[PDB]
Protein chains: 4
Amino acid sequence: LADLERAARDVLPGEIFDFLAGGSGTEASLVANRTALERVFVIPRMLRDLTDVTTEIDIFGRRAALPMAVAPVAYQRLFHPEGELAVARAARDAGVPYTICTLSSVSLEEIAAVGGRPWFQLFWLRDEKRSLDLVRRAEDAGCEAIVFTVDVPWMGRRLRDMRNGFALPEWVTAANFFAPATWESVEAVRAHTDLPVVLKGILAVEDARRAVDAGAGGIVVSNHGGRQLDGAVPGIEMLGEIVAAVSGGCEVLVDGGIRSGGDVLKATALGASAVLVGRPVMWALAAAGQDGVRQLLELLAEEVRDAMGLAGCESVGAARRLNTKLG
Amino acid sequence: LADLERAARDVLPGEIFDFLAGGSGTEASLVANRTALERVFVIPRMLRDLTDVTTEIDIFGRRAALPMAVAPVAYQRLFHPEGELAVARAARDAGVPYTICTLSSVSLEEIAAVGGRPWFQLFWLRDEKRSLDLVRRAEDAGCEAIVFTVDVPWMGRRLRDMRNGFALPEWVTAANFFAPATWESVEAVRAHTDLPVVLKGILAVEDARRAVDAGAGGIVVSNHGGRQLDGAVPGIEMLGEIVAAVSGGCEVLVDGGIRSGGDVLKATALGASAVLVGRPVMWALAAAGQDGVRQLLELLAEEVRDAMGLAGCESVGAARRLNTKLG
Amino acid sequence: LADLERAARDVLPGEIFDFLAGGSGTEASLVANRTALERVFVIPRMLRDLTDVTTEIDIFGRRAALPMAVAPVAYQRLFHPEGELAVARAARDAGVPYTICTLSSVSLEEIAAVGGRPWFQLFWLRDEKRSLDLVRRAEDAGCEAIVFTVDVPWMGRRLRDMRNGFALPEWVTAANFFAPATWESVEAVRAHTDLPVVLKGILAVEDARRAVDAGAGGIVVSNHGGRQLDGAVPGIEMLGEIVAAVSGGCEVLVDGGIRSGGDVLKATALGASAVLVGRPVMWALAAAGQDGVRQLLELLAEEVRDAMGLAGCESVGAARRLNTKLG
Amino acid sequence: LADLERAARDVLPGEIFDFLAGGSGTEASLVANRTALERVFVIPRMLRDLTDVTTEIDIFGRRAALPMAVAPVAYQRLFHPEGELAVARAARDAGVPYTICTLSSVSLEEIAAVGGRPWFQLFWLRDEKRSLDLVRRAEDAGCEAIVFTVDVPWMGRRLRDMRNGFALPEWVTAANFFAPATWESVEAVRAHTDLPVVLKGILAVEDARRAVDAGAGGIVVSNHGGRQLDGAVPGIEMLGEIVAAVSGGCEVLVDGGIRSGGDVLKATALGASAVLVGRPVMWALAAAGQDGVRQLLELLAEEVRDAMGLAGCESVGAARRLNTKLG
Ligand SMILES: Cc1cc2nc3c(=O)[nH]c(=O)nc-3n(C[C@H](O)[C@H](O)[C@H](O)COP(=O)(O)O)c2cc1C
Ligand SMILES: Cc1cc2nc3c(=O)[nH]c(=O)nc-3n(C[C@H](O)[C@H](O)[C@H](O)COP(=O)(O)O)c2cc1C
Ligand SMILES: Cc1cc2nc3c(=O)[nH]c(=O)nc-3n(C[C@H](O)[C@H](O)[C@H](O)COP(=O)(O)O)c2cc1C
Ligand SMILES: Cc1cc2nc3c(=O)[nH]c(=O)nc-3n(C[C@H](O)[C@H](O)[C@H](O)COP(=O)(O)O)c2cc1C
Ligand SMILES: C[C@H](C(=O)O)c1ccccc1
Ligand SMILES: C[C@H](C(=O)O)c1ccccc1
Ligand SMILES: C[C@H](C(=O)O)c1ccccc1
Ligand SMILES: C[C@H](C(=O)O)c1ccccc1
Ligand SMILES: C[C@H](C(=O)O)c1ccccc1
Ligand SMILES: C[C@H](C(=O)O)c1ccccc1
Ligand SMILES: C[C@H](C(=O)O)c1ccccc1
Ligand SMILES: C[C@H](C(=O)O)c1ccccc1
């Protein structure tokens, strides 16, 4: 919700609010994530049984309360002193998976100890052995999926951060402590874990197909929130094509700009299994810590149920069968 | 007309003007109703006989003076002290059907006693028997059609109203005194009345077809003025597809954003039998009571005749055969 | 040119500037005339012989210096005291046809006496005999074509004029001194003159075809400058379709929003034989009388030649064979 | 980069900043060059080997460091006292071809003596012999290609310059010291040089094909930065069609609005061999002379490499095989 964004702008130092809000380049891809969702209209169905509307899904072996997970966002102590623990606690209590980052400001084992349904996001290290160590650590700690970020051979050029000369406060560190990943890297991860491997940052149809062929359990259709290639298509504009191409071969998630339950409904109707949400979770953390994130997740939960029922869907499956029109 | 909107803003308390003007969510569907009409252009015909231009139609057994009816709008005493009686009187005198609401602030029997061509809008009650009682009451009072609202399994989230903490003044009540409706509910209504049943809030083509199959006498292609699902397609964007699918099997009405006789002409040219008009009627009621609504209906009548003749149509039938271009 | 518009706003009384600038309704069709031209892009050709670029055309038996004529605009004494005589003189000297109006503020015989290539615009009178008298007068005076306006069964609702309570100054009159025209009216005119009859205000393809069948020598594809049906498609959006349908059976002119030589080039490339120009001619008349109109026509002549040659066209015929892309 | 534009506005006299920034007419084609690029989105590829990303290309017999050359811009002493020598030096040092203009404010032999990879832009003179002299001079001086400008049968109408009454300062001259070029002119140039002839200002597909047939070694798909025909399509909107039509028969360059490495990537993905960059180079020259241009070229080099790798391309060839989506 947009209320939370203003609250976060008030509390955070400007340069940190910019690290959070910004995109790469001219921010064309950042803006397009929103434009893309705004142009999607749902064709709701009427007069269906709504006696037992449920927003639950099963994904990567487990039930989730909503078709949504908290996206990986590095260094969450930048936003609140409890950082990742505040968010992970709120996510647990909401029944939403939480993605622990490779660049988390609290150790992955500490965040996993919170409980809930933790996933682990991997950045490939120069050193196949350390990469595979991180994976093994995550698995030993009870993470349920490996979200391999594949869109960051190196970081995008964030002009806000360069303009600010933004740097990590010395009170924030990479508590778990890089090279471009390839398909060979994916295979090394797949061969070393029994957890589902989910490739995050896929936009081309042939890469979605190859992800299935590679043994991925999922993909996240994503332009990294407009922070990587400036001019990369929004994931929501590729999603329907990608869902058709994989034809049920893996879960297909999407992110970028999801700001309401209606947006979740749009993504579902375009064929997404679930969405990730990034910036809004951080606005809520900045504004009110754990209880802020809890309130955000409850509002999203309400909005998703509302939208589903208004659209005649008693389940997320039904929402996936909704048609859309581009406006 | 837009003159009336400003007049109403001046006279009404802010929170009531917001209950009236607002949509759900981000108001995306509210804005899109207008955008959709603005992008439609008519291809007028020339050099046709206009000696006897008539705006009359026959609908649900009766003549109407224009291809238009007053939409159901709950609690019209919110806008003027004479509420529904002022509007119903003006509608009668203009030869326009008036839709009496389930949530009317004057009793349905009182409004029907005004005369004219009253229709009755139904909200389904938890309790098939009370629902069917309302229907029987309406029929006994001389209502000519049952407008079953099928897009409100529960109310949309109106953020204006939540922000205002808007509530009914204790001087406005539901003078006729809820559960999600299904297709079984439609059948129960159809089996209990000889009046045409008109399903209001249809947007999917397959729901329009099923409405015909269900024995509806009409549908209203509608996103509830942008007040229900935020992100629901505008009815005007579905209308041509829907008209083709039903292929004369029931009357096909449309609403949402109709603000002029030219807009009526656009809807007709897209295949609508008639339109509903909501907010403008309430602006006129707020501004000048019965005579306000009369002046609005006379202006609309003038604008419809003007537009028709400019477009070479001596009858509404001819207007339906006009072609359009999207701009 | 836009310089002239400001100059005219300065000199004219507000209500007269509004009679000139305004459209009907919400001015949707007025704005769309401009939008339509702005979205058209020309694909220029290179490396062609331009040794003898000519902007001349033959139309309705006679040479014209440019593919352009002055549109019919009633009551030109509203804008300058010399009214129609100032404009007709400038047009003559530029080699541009001038359309004398039925509602001219100087008599048709006086304006024709100026010389040049006068056409005569007809409004159909209640009274076939008086209509045919006007036609005969025009023909006896040496007018070369009858421009039958077919888009005014009655006048559009000009809200600017209603708001101003605009009325003709008693010093402006209809110096030549109404009913809806039909196809029978066209035939009566065609049977009573040997001059080419040009139907002005055609937008539907089937009306363009029927115009040919009816023996018209031309049509003007036009929404009457956005002053008749509000929501009528711009002529420029129908032109290519219309040109294809008539397949050389009559001349096909266009008007609405032409504001430069580049706009003339766009219209030509879409298949127009020539354009009409209305409002700009009146801005020039208001600003500087006869010499104002002369300067406007010389600027347009320069701009047309410039655009043609830049686009590799040594003749208007070649310009008609240019391709376009919609942006 | 946009930083440089403001810096240049500060330092340059207004009328010179306008000679540089302006387009012809209403500047519709100038704006459309930017719009066109902004609507192009790239579909990046992931997980490819990026161990040796190279931005180098071979063109017209020689290696270039980037798929980019400095566009021909007349009279560069207008912007800085070192004019063309400052730019040519920076280009040399960056490994970017520099296009020497026929209307250069330093002699072509002086600029060629700088070294690097100089090309020579030709304007056709009234006098085939002088034209061919210029060509021979360029060839004798070591220029590697002849960029024949074919979109200037005469200059466009630059309203900024007419409004300013802009004229060359007497301290700027055409140091190398006109008629419309035709296909016969192209042949005369082709027959008189062994250098590749590159036709600059092609927009029609059939002109691109005829350029190949004529023995051109390249074309530049271009609307001359919006300075020639106002309303000419942007080159970027024709590029994909043109690349398909020539089917490898010559190099296909593009210009107009390229303002970042991401823009270069878009052009490549649409099929361009390379781009030209005009205005930005002049902003950098105005702001900081030779070192300004060097800094611009290093920033562009960084941005091109960044974008390529983010998009999974280890070479420009790979970038050409990227797909795009129009937004
Ligand atoms: C401050 C910030 C940090 C991020 N850090 C990471 C990261 O460490 N790993 C990752 O895969 N994605 C990262 N992302 C991208 C998000 O996972 C997600 O793709 C993007 O934020 C989704 O868009 P949304 O923020 O619009 O909801 C980050 C995003 C932001 C805004
Ligand atoms: C204040 C308000 C109250 C409404 N109440 C009802 C209602 O009780 N029943 C119903 O079916 N629709 C209701 N509607 C929706 C209208 O019938 C209609 O679909 C919508 O207003 C049409 O759009 P328009 O207002 O843009 O003309 C209401 C609309 C407004 C603005
Ligand atoms: C003040 C005014 C008066 C007009 N009078 C007439 C008229 O008497 N007869 C006619 O056929 N068209 C008339 N028109 C329409 C023009 O002939 C022409 O279709 C329209 O002005 C073309 O558009 P433009 O003004 O954008 O160039 C008039 C237009 C204006 C602005
Ligand atoms: C001030 C100026 C002068 C120019 N002079 C020439 C010229 O002498 N020869 C030529 O072929 N193009 C000329 N051009 C056009 C450029 O070569 C190029 O096509 C255009 O600038 C590319 O667009 P960009 O400026 O947006 O990068 C000129 C452009 C500008 C802005
Ligand atoms: C992936 C993520 C991002 O900001 O996109 C990131 C944040 C900080 C440092 C490295 C990467
Ligand atoms: C005009 C409207 C819009 O884009 O607001 C629209 C919605 C759905 C499909 C087409 C157009
Ligand atoms: C259907 C209608 C509405 O506002 O959409 C309504 C108004 C007041 C209370 C309930 C429903
Ligand atoms: C450009 C114009 C508009 O959208 O204003 C248009 C009207 C009808 C069809 C296409 C375009
Ligand atoms: C046709 C023309 C017009 O304004 O469109 C007109 C002007 C004055 C009076 C009648 C008609
Ligand atoms: C993007 C550009 C525009 O509309 O400015 C365009 C010109 C011609 C064709 C398509 C797009
Ligand atoms: C081609 C170029 C231009 O400005 O487009 C030019 C600049 C000055 C003088 C002549 C031509
Ligand atoms: C909505 C978005 C945009 O134009 O910003 C888009 C990007 C690529 C393709 C279609 C739409």
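Structural remarks
- Among the residues of region B:285-324, those identified as touching a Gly at 6+ places or on another chain (Cβ under 7 Å) and farther than 22 Å from C:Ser24 by Cβ are B:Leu285, B:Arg320.
- Every residue from region A:173-184 that is crowded, with 17+ Cβ neighbours inside 10 Å and of a type in the set (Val, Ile, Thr): A:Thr182
- Subset of region C:48-69 that is hydroxyl-bearing (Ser, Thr, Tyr) and away from chain D (no Cβ under 14 Å) - its residue that is farthest from ligand 12 (Cβ to nearest atom): C:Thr54
- Out of D:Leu239, D:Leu265, D:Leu299, sole residue that is part of a helix (DSSP H, G or I), over 23 Å from D:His80 (Cβ atoms) and within 13 Å of chain A (Cβ to nearest Cβ): D:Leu265
Condition check ((1) within 14 Å of ligand 2 (Cβ to nearest atom); (2) among the aromatic types (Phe, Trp, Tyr); (3) under 30 Å from A:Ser260 (Cα atoms)) across all residues:
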| site | (1), (2), (3) |
| --- | --- |
| B:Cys143 | no, no, no |
| B:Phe166 | yes, yes, yes |
| B:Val186 | no, no, no |
| B:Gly218 | yes, no, no |
| B:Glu241 | no, no, yes |
| B:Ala245 | no, no, no |
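- Residue in region B:185-233 that is nearest to ligand 7 (Cβ to nearest atom), counting only those that are crowded, with 20+ Cβ neighbours inside 10 Å and of a type in the set (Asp, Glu): B:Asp230
- So C:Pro72, is it within 14 Å of chain D (Cβ to nearest Cβ), in contact with a strand residue (DSSP E or B) (Cβ under 6 Å, 6 or more places away or on another chain) and buried (at least 21 other Cβ atoms within 10 Å of the Cβ): no
- Test result for B:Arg136, surrounded by fewer than 21 Cβ atoms within 10 Å (Cβ to Cβ), within 12 Å of ligand 2 (Cβ to nearest atom) and not in a loop (DSSP other than H, G, I, E, B): no
- Scanning region B:46-66 for residues that are under 16 Å from B:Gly218 (Cβ atoms) and hydrophobic (A, V, I, L, M, F, W, C) turns up B:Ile57, B:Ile59, B:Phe60, B:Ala64.
- Scope region B:27-47; condition more than 7 Å from every other protein chain (Cβ to nearest Cβ) and surrounded by fewer than 19 Cβ atoms within 10 Å (Cβ to Cβ); matching residues: B:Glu27, B:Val31, B:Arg34, B:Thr35, B:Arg39
- Residue selected from region A:156-166 under the condition of a type in the set (D, E, K, R) and not in a loop (DSSP other than H, G, I, E, B), by the criterion nearest to ligand 11 (Cβ to nearest atom): A:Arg163
- From the list B:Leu50, B:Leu85, the one residue that fits, being surrounded by fewer than 24 Cβ atoms within 10 Å (Cβ to Cβ) and under 22 Å from B:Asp140 (Cα atoms), is B:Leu85.
- Of all positions in region A:174-189, none carries a residue that is more than 13 Å from chain D (Cβ to nearest Cβ), more than 16 Å from ligand 10 (Cβ to nearest atom) and acidic (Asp, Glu).
- Put simply, of B:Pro153, B:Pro169 the only residue that is crowded, with 18+ Cβ neighbours inside 10 Å and assigned to a loop (DSSP other than H, G, I, E, B) is B:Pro153.
- Meets criteria (away from chain D (no Cβ under 13 Å) and either among the aromatic types (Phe, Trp, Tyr) or buried (at least 24 other Cβ atoms within 10 Å of the Cβ) (or both)) for C:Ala287: yes
- Hits in region C:124-149 - residues which are among the aromatic types (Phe, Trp, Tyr) and out of contact with any strand residue (DSSP E or B) (no Cβ under 6 Å at 6 or more places or on another chain): C:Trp124
- The set of residues in region A:207-234 that are of a type in the set (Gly, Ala, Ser) and touching a helix residue (DSSP H, G or I) at 6+ places or on another chain (Cβ under 6 Å) comprises A:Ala208, A:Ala214, A:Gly215, A:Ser222, A:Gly226, A:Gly231, A:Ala232.
- Subset tally (residues that are crowded, with 17+ Cβ neighbours inside 10 Å, part of a loop (DSSP other than H, G, I, E, B) and away from ligand 9 (no atom under 16 Å from the Cβ)) for region C:111-133: 3
Note that we place each Cβ from the backbone using ideal geometry, even for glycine, and neighbour counts take in every protein chain shown. Each value in this text was obtained by applying a stated rule to the coordinates, not by laboratory testing.
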